[PDB]
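Have a look at structure22.txt; it's compact mmCIF, N, CA and C atoms and all ligand atoms:
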```txt
# COMPACT_ATOMS: atom_id res chain seq x y z
N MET M 1 -0.95 19.44 -5.37
CA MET M 1 -1.34 18.04 -5.50
C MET M 1 -0.85 17.44 -6.82
N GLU M 2 -0.80 16.12 -6.84
CA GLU M 2 -0.56 15.28 -8.01
C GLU M 2 -1.89 14.72 -8.49
N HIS M 3 -2.41 15.14 -9.65
CA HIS M 3 -3.77 14.68 -9.96
C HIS M 3 -3.82 13.29 -10.60
N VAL M 4 -4.11 12.31 -9.77
CA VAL M 4 -4.32 10.90 -10.01
C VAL M 4 -5.49 10.39 -9.19
N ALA M 5 -6.44 9.71 -9.81
CA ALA M 5 -7.61 9.29 -9.04
C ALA M 5 -7.41 7.88 -8.50
N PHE M 6 -7.92 7.66 -7.29
CA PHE M 6 -7.81 6.33 -6.70
C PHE M 6 -8.52 5.31 -7.58
N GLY M 7 -7.82 4.23 -7.88
CA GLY M 7 -8.34 3.14 -8.67
C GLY M 7 -8.31 3.36 -10.16
N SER M 8 -7.60 4.37 -10.67
CA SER M 8 -7.47 4.51 -12.12
C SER M 8 -6.84 3.26 -12.73
N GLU M 9 -7.26 2.96 -13.95
CA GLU M 9 -6.89 1.84 -14.79
C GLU M 9 -5.42 1.80 -15.15
N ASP M 10 -4.81 2.97 -15.31
CA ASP M 10 -3.40 3.01 -15.69
C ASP M 10 -2.55 3.61 -14.58
N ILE M 11 -2.95 3.40 -13.33
CA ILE M 11 -2.25 4.02 -12.20
C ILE M 11 -0.79 3.60 -12.12
N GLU M 12 -0.44 2.38 -12.53
CA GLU M 12 0.96 1.97 -12.44
C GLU M 12 1.84 2.67 -13.48
N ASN M 13 1.28 3.10 -14.61
CA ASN M 13 2.06 3.87 -15.57
C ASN M 13 2.28 5.30 -15.07
N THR M 14 1.26 5.86 -14.45
CA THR M 14 1.39 7.21 -13.89
C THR M 14 2.38 7.26 -12.74
N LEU M 15 2.36 6.29 -11.83
CA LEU M 15 3.25 6.39 -10.68
C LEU M 15 4.66 5.93 -10.97
N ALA M 16 4.94 5.49 -12.20
CA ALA M 16 6.29 5.00 -12.47
C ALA M 16 7.23 6.20 -12.54
N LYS M 17 6.61 7.36 -12.79
CA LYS M 17 7.39 8.58 -12.99
C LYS M 17 7.72 9.35 -11.72
N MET M 18 7.08 9.06 -10.60
CA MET M 18 7.22 9.87 -9.40
C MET M 18 8.25 9.38 -8.39
N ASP M 19 9.12 10.29 -7.95
CA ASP M 19 10.04 10.09 -6.84
C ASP M 19 9.29 10.22 -5.52
N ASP M 20 9.96 10.06 -4.38
CA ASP M 20 9.20 10.12 -3.12
C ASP M 20 8.54 11.49 -2.97
N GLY M 21 9.21 12.54 -3.41
CA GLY M 21 8.63 13.88 -3.30
C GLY M 21 7.24 13.92 -3.92
N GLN M 22 7.14 13.43 -5.14
CA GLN M 22 5.87 13.41 -5.86
C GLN M 22 4.85 12.47 -5.24
N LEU M 23 5.28 11.31 -4.73
CA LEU M 23 4.26 10.42 -4.16
C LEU M 23 3.58 11.08 -2.96
N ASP M 24 4.25 12.04 -2.34
CA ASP M 24 3.68 12.75 -1.19
C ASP M 24 2.57 13.70 -1.61
N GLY M 25 2.42 13.96 -2.91
CA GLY M 25 1.39 14.85 -3.40
C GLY M 25 0.09 14.12 -3.72
N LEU M 26 0.08 12.79 -3.68
CA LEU M 26 -1.14 12.04 -3.93
C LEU M 26 -2.20 12.33 -2.88
N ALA M 27 -3.46 12.15 -3.25
CA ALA M 27 -4.57 12.38 -2.33
C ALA M 27 -4.94 11.12 -1.57
N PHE M 28 -4.15 10.07 -1.71
CA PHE M 28 -4.42 8.79 -1.07
C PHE M 28 -3.10 8.16 -0.63
N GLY M 29 -3.18 7.16 0.25
CA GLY M 29 -1.93 6.54 0.66
C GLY M 29 -1.41 5.57 -0.40
N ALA M 30 -0.10 5.53 -0.51
CA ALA M 30 0.67 4.67 -1.38
C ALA M 30 1.89 4.09 -0.67
N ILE M 31 1.95 2.78 -0.74
CA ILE M 31 3.02 1.93 -0.28
C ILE M 31 3.54 1.08 -1.44
N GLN M 32 4.86 1.07 -1.61
CA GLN M 32 5.48 0.20 -2.59
C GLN M 32 6.26 -0.88 -1.84
N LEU M 33 5.95 -2.11 -2.26
CA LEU M 33 6.51 -3.27 -1.62
C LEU M 33 7.30 -4.14 -2.59
N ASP M 34 8.36 -4.78 -2.10
CA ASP M 34 8.96 -5.82 -2.96
C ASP M 34 8.17 -7.12 -2.79
N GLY M 35 8.60 -8.24 -3.35
CA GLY M 35 7.86 -9.48 -3.37
C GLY M 35 7.89 -10.22 -2.05
N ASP M 36 8.74 -9.77 -1.15
CA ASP M 36 8.90 -10.25 0.20
C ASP M 36 8.03 -9.48 1.20
N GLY M 37 7.51 -8.32 0.83
CA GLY M 37 6.71 -7.53 1.77
C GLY M 37 7.49 -6.38 2.38
N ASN M 38 8.76 -6.26 2.01
CA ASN M 38 9.57 -5.14 2.50
C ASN M 38 9.12 -3.83 1.90
N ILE M 39 9.11 -2.78 2.71
CA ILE M 39 8.67 -1.46 2.24
C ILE M 39 9.76 -0.69 1.50
N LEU M 40 9.48 -0.30 0.27
CA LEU M 40 10.36 0.45 -0.62
C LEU M 40 10.01 1.93 -0.61
N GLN M 41 8.73 2.26 -0.50
CA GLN M 41 8.25 3.64 -0.47
C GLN M 41 6.99 3.70 0.41
N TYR M 42 6.78 4.84 1.06
CA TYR M 42 5.66 4.99 1.99
C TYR M 42 5.31 6.48 1.98
N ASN M 43 4.14 6.85 1.44
CA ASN M 43 3.94 8.30 1.30
C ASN M 43 3.29 8.92 2.52
N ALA M 44 3.22 10.25 2.44
CA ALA M 44 2.76 11.09 3.52
C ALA M 44 1.31 10.81 3.89
N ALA M 45 0.50 10.60 2.87
CA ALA M 45 -0.93 10.33 3.03
C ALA M 45 -1.17 9.07 3.82
N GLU M 46 -0.37 8.03 3.54
CA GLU M 46 -0.47 6.82 4.35
C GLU M 46 -0.07 7.13 5.80
N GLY M 47 0.99 7.88 6.06
CA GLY M 47 1.35 8.27 7.42
C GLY M 47 0.22 8.99 8.15
N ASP M 48 -0.58 9.78 7.43
CA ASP M 48 -1.67 10.53 8.04
C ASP M 48 -2.79 9.59 8.51
N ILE M 49 -3.01 8.53 7.73
CA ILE M 49 -4.02 7.56 8.15
C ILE M 49 -3.54 6.65 9.27
N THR M 50 -2.34 6.08 9.19
CA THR M 50 -1.87 5.13 10.19
C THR M 50 -1.04 5.72 11.33
N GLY M 51 -0.57 6.95 11.26
CA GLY M 51 0.27 7.52 12.30
C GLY M 51 1.74 7.21 12.14
N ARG M 52 2.09 6.39 11.16
CA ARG M 52 3.49 6.00 10.96
C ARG M 52 4.27 7.11 10.27
N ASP M 53 5.52 7.26 10.69
CA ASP M 53 6.46 8.20 10.06
C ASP M 53 7.08 7.46 8.88
N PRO M 54 6.75 7.93 7.68
CA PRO M 54 7.12 7.27 6.43
C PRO M 54 8.58 6.84 6.41
N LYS M 55 9.47 7.74 6.76
CA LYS M 55 10.92 7.56 6.70
C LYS M 55 11.43 6.51 7.67
N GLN M 56 10.63 6.20 8.69
CA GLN M 56 11.05 5.24 9.71
C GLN M 56 10.57 3.82 9.39
N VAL M 57 9.64 3.69 8.45
CA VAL M 57 9.12 2.36 8.13
C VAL M 57 9.79 1.77 6.90
N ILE M 58 10.48 2.63 6.16
CA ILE M 58 11.14 2.12 4.94
C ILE M 58 12.16 1.06 5.33
N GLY M 59 12.10 -0.09 4.66
CA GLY M 59 13.00 -1.19 4.95
C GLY M 59 12.45 -2.19 5.93
N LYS M 60 11.38 -1.85 6.64
CA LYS M 60 10.79 -2.88 7.49
C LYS M 60 9.85 -3.78 6.70
N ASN M 61 9.52 -4.92 7.31
CA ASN M 61 8.60 -5.81 6.61
C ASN M 61 7.18 -5.38 6.97
N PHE M 62 6.34 -5.14 5.97
CA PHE M 62 5.00 -4.64 6.12
C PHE M 62 4.13 -5.64 6.88
N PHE M 63 4.20 -6.92 6.52
CA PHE M 63 3.33 -7.92 7.12
C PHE M 63 3.84 -8.47 8.43
N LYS M 64 5.16 -8.52 8.59
CA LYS M 64 5.68 -9.07 9.84
C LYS M 64 5.80 -8.00 10.93
N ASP M 65 6.21 -6.78 10.60
CA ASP M 65 6.64 -5.81 11.59
C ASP M 65 5.74 -4.57 11.75
N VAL M 66 5.44 -3.91 10.65
CA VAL M 66 4.73 -2.63 10.63
C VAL M 66 3.22 -2.79 10.74
N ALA M 67 2.66 -3.67 9.92
CA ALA M 67 1.20 -3.79 9.83
C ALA M 67 0.76 -5.23 9.99
N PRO M 68 0.98 -5.80 11.18
CA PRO M 68 0.64 -7.21 11.37
C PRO M 68 -0.84 -7.50 11.27
N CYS M 69 -1.65 -6.45 11.29
CA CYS M 69 -3.11 -6.63 11.20
C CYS M 69 -3.53 -7.05 9.80
N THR M 70 -2.63 -6.92 8.84
CA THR M 70 -2.84 -7.35 7.47
C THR M 70 -2.28 -8.74 7.20
N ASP M 71 -1.70 -9.40 8.19
CA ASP M 71 -1.21 -10.77 8.10
C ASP M 71 -2.36 -11.74 8.39
N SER M 72 -3.05 -11.98 7.28
CA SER M 72 -4.28 -12.75 7.28
C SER M 72 -4.52 -13.25 5.87
N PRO M 73 -5.32 -14.28 5.64
CA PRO M 73 -5.66 -14.66 4.26
C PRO M 73 -6.37 -13.59 3.44
N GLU M 74 -7.06 -12.64 4.07
CA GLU M 74 -7.79 -11.61 3.34
C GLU M 74 -6.90 -10.51 2.78
N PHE M 75 -5.66 -10.38 3.26
CA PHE M 75 -4.79 -9.31 2.74
C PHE M 75 -3.48 -9.93 2.28
N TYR M 76 -2.66 -10.36 3.23
CA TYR M 76 -1.41 -11.04 2.93
C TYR M 76 -1.62 -12.23 2.02
N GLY M 77 -2.63 -13.07 2.26
CA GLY M 77 -2.90 -14.19 1.38
C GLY M 77 -3.09 -13.80 -0.08
N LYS M 78 -3.81 -12.72 -0.35
CA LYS M 78 -4.01 -12.24 -1.71
C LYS M 78 -2.70 -11.69 -2.26
N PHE M 79 -1.95 -11.02 -1.37
CA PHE M 79 -0.69 -10.45 -1.87
C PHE M 79 0.23 -11.57 -2.35
N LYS M 80 0.36 -12.59 -1.51
CA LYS M 80 1.31 -13.67 -1.75
C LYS M 80 0.89 -14.46 -2.99
N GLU M 81 -0.42 -14.63 -3.19
CA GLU M 81 -0.86 -15.27 -4.43
C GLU M 81 -0.47 -14.43 -5.64
N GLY M 82 -0.65 -13.12 -5.58
CA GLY M 82 -0.30 -12.21 -6.65
C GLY M 82 1.17 -12.24 -7.01
N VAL M 83 2.03 -12.15 -6.02
CA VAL M 83 3.48 -12.28 -6.20
C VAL M 83 3.80 -13.58 -6.90
N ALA M 84 3.25 -14.69 -6.42
CA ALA M 84 3.47 -16.01 -6.97
C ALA M 84 3.00 -16.14 -8.41
N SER M 85 1.82 -15.59 -8.68
CA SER M 85 1.23 -15.60 -10.01
C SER M 85 1.88 -14.58 -10.94
N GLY M 86 2.47 -13.53 -10.37
CA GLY M 86 3.07 -12.48 -11.18
C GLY M 86 2.04 -11.51 -11.72
N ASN M 87 0.85 -11.56 -11.13
CA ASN M 87 -0.24 -10.65 -11.50
C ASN M 87 -1.09 -10.39 -10.25
N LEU M 88 -1.52 -9.14 -10.13
CA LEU M 88 -2.27 -8.70 -8.97
C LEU M 88 -3.05 -7.43 -9.27
N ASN M 89 -4.35 -7.46 -9.06
CA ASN M 89 -5.25 -6.33 -9.23
C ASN M 89 -6.55 -6.60 -8.50
N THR M 90 -6.58 -6.09 -7.26
CA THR M 90 -7.72 -6.33 -6.38
C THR M 90 -7.95 -5.16 -5.43
N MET M 91 -9.22 -4.96 -5.15
CA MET M 91 -9.69 -3.85 -4.34
C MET M 91 -10.65 -4.39 -3.29
N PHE M 92 -10.51 -3.95 -2.05
CA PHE M 92 -11.34 -4.47 -0.98
C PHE M 92 -11.30 -3.49 0.19
N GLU M 93 -12.34 -3.52 1.00
CA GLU M 93 -12.39 -2.79 2.27
C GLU M 93 -11.71 -3.59 3.37
N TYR M 94 -11.09 -2.89 4.30
CA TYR M 94 -10.35 -3.46 5.42
C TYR M 94 -10.38 -2.48 6.60
N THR M 95 -10.12 -2.99 7.79
CA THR M 95 -10.04 -2.18 9.00
C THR M 95 -8.62 -2.23 9.59
N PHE M 96 -8.01 -1.07 9.76
CA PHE M 96 -6.67 -0.94 10.28
C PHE M 96 -6.74 -0.63 11.78
N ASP M 97 -6.25 -1.56 12.58
CA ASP M 97 -6.47 -1.44 14.03
C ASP M 97 -5.26 -1.73 14.88
N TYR M 98 -4.10 -1.92 14.25
CA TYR M 98 -2.93 -2.20 15.09
C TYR M 98 -2.34 -0.92 15.67
N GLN M 99 -2.38 -0.77 16.98
CA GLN M 99 -1.74 0.36 17.65
C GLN M 99 -2.36 1.70 17.26
N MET M 100 -3.62 1.68 16.86
CA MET M 100 -4.30 2.88 16.40
C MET M 100 -5.81 2.78 16.60
N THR M 101 -6.47 3.92 16.46
CA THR M 101 -7.93 3.91 16.39
C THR M 101 -8.34 3.12 15.15
N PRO M 102 -9.23 2.15 15.34
CA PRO M 102 -9.68 1.31 14.22
C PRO M 102 -10.23 2.20 13.12
N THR M 103 -9.70 1.99 11.92
CA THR M 103 -10.01 2.88 10.80
C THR M 103 -10.38 2.07 9.57
N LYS M 104 -11.57 2.35 9.06
CA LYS M 104 -12.03 1.70 7.85
C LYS M 104 -11.41 2.33 6.59
N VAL M 105 -10.85 1.48 5.77
CA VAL M 105 -10.20 1.97 4.56
C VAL M 105 -10.59 1.11 3.37
N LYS M 106 -10.37 1.73 2.21
CA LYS M 106 -10.38 0.94 0.97
C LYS M 106 -8.94 0.68 0.57
N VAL M 107 -8.64 -0.54 0.17
CA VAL M 107 -7.32 -0.96 -0.27
C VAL M 107 -7.37 -1.41 -1.73
N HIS M 108 -6.41 -0.95 -2.51
CA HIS M 108 -6.22 -1.38 -3.89
C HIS M 108 -4.79 -1.91 -3.99
N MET M 109 -4.65 -3.19 -4.28
CA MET M 109 -3.33 -3.79 -4.53
C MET M 109 -3.21 -4.07 -6.03
N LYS M 110 -2.06 -3.70 -6.57
CA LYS M 110 -1.76 -3.88 -7.99
C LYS M 110 -0.26 -4.00 -8.23
N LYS M 111 0.12 -4.89 -9.14
CA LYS M 111 1.52 -5.08 -9.51
C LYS M 111 2.09 -3.80 -10.11
N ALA M 112 3.31 -3.42 -9.76
CA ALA M 112 3.96 -2.28 -10.40
C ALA M 112 4.32 -2.59 -11.86
N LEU M 113 4.62 -1.54 -12.63
CA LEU M 113 5.09 -1.72 -14.00
C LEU M 113 6.49 -2.31 -14.00
N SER M 114 7.13 -2.20 -12.84
CA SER M 114 8.47 -2.72 -12.64
C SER M 114 8.42 -4.16 -12.13
N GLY M 115 9.34 -4.98 -12.61
CA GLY M 115 9.50 -6.37 -12.31
C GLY M 115 8.95 -6.89 -11.01
N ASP M 116 9.64 -6.69 -9.88
CA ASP M 116 9.16 -7.33 -8.65
C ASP M 116 8.74 -6.33 -7.60
N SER M 117 7.90 -5.37 -8.00
CA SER M 117 7.42 -4.38 -7.02
C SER M 117 5.91 -4.30 -7.14
N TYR M 118 5.27 -3.99 -6.02
CA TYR M 118 3.83 -4.04 -5.90
C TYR M 118 3.35 -2.86 -5.06
N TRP M 119 2.27 -2.26 -5.55
CA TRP M 119 1.64 -1.11 -4.95
C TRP M 119 0.50 -1.52 -4.02
N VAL M 120 0.44 -0.83 -2.89
CA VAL M 120 -0.71 -0.84 -2.03
C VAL M 120 -1.23 0.60 -1.93
N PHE M 121 -2.46 0.82 -2.38
CA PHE M 121 -3.09 2.14 -2.25
C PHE M 121 -4.23 2.11 -1.24
N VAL M 122 -4.36 3.20 -0.50
CA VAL M 122 -5.30 3.26 0.61
C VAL M 122 -6.03 4.60 0.67
N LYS M 123 -7.34 4.54 0.93
CA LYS M 123 -8.12 5.76 1.16
C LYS M 123 -9.20 5.52 2.20
N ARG M 124 -9.62 6.59 2.88
CA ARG M 124 -10.57 6.44 3.99
C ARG M 124 -11.94 6.17 3.37
N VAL M 125 -12.79 5.41 4.02
CA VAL M 125 -14.15 5.20 3.57
C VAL M 125 -15.15 5.53 4.69
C1 LIG M 201 -2.89 -3.15 11.03
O1 LIG M 201 -1.77 -3.58 10.67
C2 LIG M 201 -2.84 -1.78 10.98
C3 LIG M 201 -1.84 -0.84 10.92
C4 LIG M 201 -1.15 -0.44 9.81
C5 LIG M 201 -0.01 0.33 9.96
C6 LIG M 201 0.65 0.84 8.85
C7 LIG M 201 0.12 0.56 7.60
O2 LIG M 201 0.70 1.13 6.51
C8 LIG M 201 -1.00 -0.24 7.45
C9 LIG M 201 -1.66 -0.78 8.56
```

Rendering of file as structure tokens:
Amino acid sequence: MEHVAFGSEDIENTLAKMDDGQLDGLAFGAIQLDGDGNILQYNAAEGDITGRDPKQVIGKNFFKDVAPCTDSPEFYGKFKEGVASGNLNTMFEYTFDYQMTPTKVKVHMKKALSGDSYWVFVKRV
């Protein structure tokens, strides 16, 4: 494992160092998105929760194609405000139900340490 706790204060500094191999060692799901919603990285833990094959979702649009259940003011709306503002740090519960057994999760969205990239972290609740 990669020892990083969900919701740590400096999580973006810790994950700046990890390649896809390392992101697969996290105990929670991690998605890296550009400012458009396109998927840059998708770890193994997220695949275990949603059933998606990480390698097959890279390059798709998260809100339009892969996870349309998050295309709502409660998820996408917050993301788009964060991108626009250039700052984002929010945590909330959500239910993932597109093409899967409805699953309650905790979501943490936060701006990456890198210019136009944004993290989505997920864990079961
Ligand atoms: C609603 O969109 C649920 C499904 C889903 C699929 C993949 C990811 O990463 C999140 C949510």

Item checked: Selection as a list in words: residues within 6.5 Å of ligand LIG 201 (chain M) by all atoms listed in the file ->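 So, counting all atoms listed in the file, the residues near ligand LIG 201 (chain M) are residues 46, 50, 52, 66, 67, 68, 69, 70, 71, 95, 96, 97, 98 and 99 of chain M.
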
Note to self: Please return, as a PyMOL selection string, all residues of stretch 20-125 of chain M that DSSP assigns to strand (DSSP E) on the basis of the backbone.
What the structure shows: chain M and resi 29-34+39-42+89-96+103-111+117-124

Next item on the list: Can you work out which one of M:107, M:84, M:11, M:122 has the shortest atom-to-atom distance to residue M:27, counting only N, CA and C atoms?
Entry: M:122

Next item on the list: To one decimal in Å, tell me the separation between atom N of residue M:103 and atom CA of residue M:14.
Entry: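 About the pair atom N of residue M:103 and atom CA of residue M:14: they are 28.6 Å apart.
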
Margin query: One decimal, in Å: what's the spacing between atom N of residue M:115 and atom N of residue M:49?
Written below: 27.4 Å

Note to self: So that I can see what lies close to residue M:118, please list as an MDAnalysis selection string the residues with an atom at most 5 Å from it, counting all atoms listed in the file and leaving out residues fewer than 4 positions away in the same chain.
What the structure shows: chainID M and resid 32:33 110:112

Next item on the list: Would you mind writing down, as a list in words, each residue of stretch 77-123 of chain M that DSSP on the backbone assigns to alpha helix (DSSP H)?
Entry: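 These are the residues in question: residues 77, 78, 79, 80, 81, 82, 83, 84 and 85 of chain M.
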
Could you write out the selected residues, including N, CA and C atoms, as a short mmCIF file (atom, residue, chain, number, x, y, z; two decimals), in the coordinates of the input?
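The resulting result_39.cif:
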```cif
data_model
loop_
_atom_site.label_atom_id
_atom_site.label_comp_id
_atom_site.auth_asym_id
_atom_site.auth_seq_id
_atom_site.Cartn_x
_atom_site.Cartn_y
_atom_site.Cartn_z
N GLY M 77 -2.63 -13.07 2.26
CA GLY M 77 -2.90 -14.19 1.38
C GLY M 77 -3.09 -13.80 -0.08
N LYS M 78 -3.81 -12.72 -0.35
CA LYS M 78 -4.01 -12.24 -1.71
C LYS M 78 -2.70 -11.69 -2.26
N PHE M 79 -1.95 -11.02 -1.37
CA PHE M 79 -0.69 -10.45 -1.87
C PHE M 79 0.23 -11.57 -2.35
N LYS M 80 0.36 -12.59 -1.51
CA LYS M 80 1.31 -13.67 -1.75
C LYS M 80 0.89 -14.46 -2.99
N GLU M 81 -0.42 -14.63 -3.19
CA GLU M 81 -0.86 -15.27 -4.43
C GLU M 81 -0.47 -14.43 -5.64
N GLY M 82 -0.65 -13.12 -5.58
CA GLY M 82 -0.30 -12.21 -6.65
C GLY M 82 1.17 -12.24 -7.01
N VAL M 83 2.03 -12.15 -6.02
CA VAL M 83 3.48 -12.28 -6.20
C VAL M 83 3.80 -13.58 -6.90
N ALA M 84 3.25 -14.69 -6.42
CA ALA M 84 3.47 -16.01 -6.97
C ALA M 84 3.00 -16.14 -8.41
N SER M 85 1.82 -15.59 -8.68
CA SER M 85 1.23 -15.60 -10.01
C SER M 85 1.88 -14.58 -10.94
#
```

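The residue that comes closest to residue M:65, out of M:89, M:38, M:101, M:22 and on the basis of only C-alpha atoms, is M:38.
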
Margin query: From the options M:108, M:94, M:34, M:87, which residue's atoms come nearest to residue M:9, counting only C-alpha atoms?
Written below: M:108

Notebook entry, point to check: Using only N, CA and C atoms, which of the listed residues (M:113, M:45, M:88, M:58) sits closest to residue M:29?
Noted result: M:45

Checklist line | Atomic distance atom CA of residue M:72 - atom N of residue M:20, expressed in Å with one decimal | finding: 29.3 Å

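Proximity of M:109, M:44, M:51, M:124 to residue M:81, computed with only C-alpha atoms, is greatest for M:109.
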
Item checked: Residue among M:37, M:119, M:93, M:64 lying closest to residue M:16, counting only C-alpha atoms ->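 Among the listed residues, the smallest separation from residue M:16 belongs to M:119.
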
Please write a file for stretch 85-107 of chain M, taken from the block I just shared, that holds N, CA and C atoms and is laid out as a PDB file, in the first residue's frame.
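Listing of selection.pdb after writing:
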```pdb
ATOM      1  N   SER M  85     -13.178  29.407 -10.622  1.00  0.00           N
ATOM      2  CA  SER M  85     -12.574  30.163  -9.537  1.00  0.00           C
ATOM      3  C   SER M  85     -11.083  29.881  -9.395  1.00  0.00           C
ATOM      4  N   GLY M  86     -10.634  28.715  -9.862  1.00  0.00           N
ATOM      5  CA  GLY M  86      -9.234  28.340  -9.727  1.00  0.00           C
ATOM      6  C   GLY M  86      -8.913  27.830  -8.335  1.00  0.00           C
ATOM      7  N   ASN M  87      -9.959  27.489  -7.589  1.00  0.00           N
ATOM      8  CA  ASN M  87      -9.817  26.924  -6.252  1.00  0.00           C
ATOM      9  C   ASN M  87     -10.981  25.964  -6.007  1.00  0.00           C
ATOM     10  N   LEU M  88     -10.657  24.862  -5.339  1.00  0.00           N
ATOM     11  CA  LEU M  88     -11.626  23.808  -5.101  1.00  0.00           C
ATOM     12  C   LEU M  88     -11.177  22.918  -3.945  1.00  0.00           C
ATOM     13  N   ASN M  89     -12.017  22.780  -2.940  1.00  0.00           N
ATOM     14  CA  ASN M  89     -11.795  21.925  -1.782  1.00  0.00           C
ATOM     15  C   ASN M  89     -13.114  21.684  -1.065  1.00  0.00           C
ATOM     16  N   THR M  90     -13.725  20.552  -1.444  1.00  0.00           N
ATOM     17  CA  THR M  90     -15.045  20.203  -0.935  1.00  0.00           C
ATOM     18  C   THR M  90     -15.231  18.692  -0.834  1.00  0.00           C
ATOM     19  N   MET M  91     -15.982  18.322   0.187  1.00  0.00           N
ATOM     20  CA  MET M  91     -16.220  16.938   0.539  1.00  0.00           C
ATOM     21  C   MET M  91     -17.717  16.743   0.744  1.00  0.00           C
ATOM     22  N   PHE M  92     -18.267  15.675   0.195  1.00  0.00           N
ATOM     23  CA  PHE M  92     -19.706  15.455   0.292  1.00  0.00           C
ATOM     24  C   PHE M  92     -19.992  13.982   0.013  1.00  0.00           C
ATOM     25  N   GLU M  93     -21.107  13.504   0.531  1.00  0.00           N
ATOM     26  CA  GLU M  93     -21.635  12.179   0.220  1.00  0.00           C
ATOM     27  C   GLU M  93     -22.443  12.220  -1.076  1.00  0.00           C
ATOM     28  N   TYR M  94     -22.403  11.132  -1.814  1.00  0.00           N
ATOM     29  CA  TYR M  94     -23.077  10.976  -3.105  1.00  0.00           C
ATOM     30  C   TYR M  94     -23.414   9.498  -3.329  1.00  0.00           C
ATOM     31  N   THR M  95     -24.356   9.234  -4.219  1.00  0.00           N
ATOM     32  CA  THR M  95     -24.737   7.880  -4.601  1.00  0.00           C
ATOM     33  C   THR M  95     -24.422   7.633  -6.082  1.00  0.00           C
ATOM     34  N   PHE M  96     -23.638   6.599  -6.355  1.00  0.00           N
ATOM     35  CA  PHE M  96     -23.232   6.237  -7.696  1.00  0.00           C
ATOM     36  C   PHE M  96     -24.146   5.118  -8.207  1.00  0.00           C
ATOM     37  N   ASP M  97     -24.911   5.434  -9.242  1.00  0.00           N
ATOM     38  CA  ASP M  97     -25.955   4.493  -9.655  1.00  0.00           C
ATOM     39  C   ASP M  97     -26.061   4.285 -11.145  1.00  0.00           C
ATOM     40  N   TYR M  98     -25.123   4.838 -11.914  1.00  0.00           N
ATOM     41  CA  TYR M  98     -25.228   4.617 -13.358  1.00  0.00           C
ATOM     42  C   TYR M  98     -24.670   3.259 -13.759  1.00  0.00           C
ATOM     43  N   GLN M  99     -25.518   2.377 -14.265  1.00  0.00           N
ATOM     44  CA  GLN M  99     -25.074   1.090 -14.793  1.00  0.00           C
ATOM     45  C   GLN M  99     -24.453   0.204 -13.719  1.00  0.00           C
ATOM     46  N   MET M 100     -24.848   0.414 -12.468  1.00  0.00           N
ATOM     47  CA  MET M 100     -24.278  -0.325 -11.354  1.00  0.00           C
ATOM     48  C   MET M 100     -25.249  -0.410 -10.186  1.00  0.00           C
ATOM     49  N   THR M 101     -24.920  -1.286  -9.238  1.00  0.00           N
ATOM     50  CA  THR M 101     -25.640  -1.283  -7.968  1.00  0.00           C
ATOM     51  C   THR M 101     -25.399   0.062  -7.285  1.00  0.00           C
ATOM     52  N   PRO M 102     -26.479   0.718  -6.885  1.00  0.00           N
ATOM     53  CA  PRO M 102     -26.374   2.037  -6.238  1.00  0.00           C
ATOM     54  C   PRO M 102     -25.455   1.926  -5.037  1.00  0.00           C
ATOM     55  N   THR M 103     -24.451   2.802  -5.013  1.00  0.00           N
ATOM     56  CA  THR M 103     -23.399   2.709  -4.016  1.00  0.00           C
ATOM     57  C   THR M 103     -23.150   4.068  -3.375  1.00  0.00           C
ATOM     58  N   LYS M 104     -23.280   4.097  -2.056  1.00  0.00           N
ATOM     59  CA  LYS M 104     -23.014   5.307  -1.312  1.00  0.00           C
ATOM     60  C   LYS M 104     -21.509   5.536  -1.107  1.00  0.00           C
ATOM     61  N   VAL M 105     -21.083   6.726  -1.461  1.00  0.00           N
ATOM     62  CA  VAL M 105     -19.666   7.038  -1.347  1.00  0.00           C
ATOM     63  C   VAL M 105     -19.482   8.413  -0.728  1.00  0.00           C
ATOM     64  N   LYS M 106     -18.260   8.585  -0.230  1.00  0.00           N
ATOM     65  CA  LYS M 106     -17.812   9.938   0.111  1.00  0.00           C
ATOM     66  C   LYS M 106     -16.914  10.439  -1.016  1.00  0.00           C
ATOM     67  N   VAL M 107     -17.099  11.672  -1.429  1.00  0.00           N
ATOM     68  CA  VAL M 107     -16.323  12.306  -2.484  1.00  0.00           C
ATOM     69  C   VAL M 107     -15.574  13.513  -1.918  1.00  0.00           C
TER      70      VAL M 107
END
```
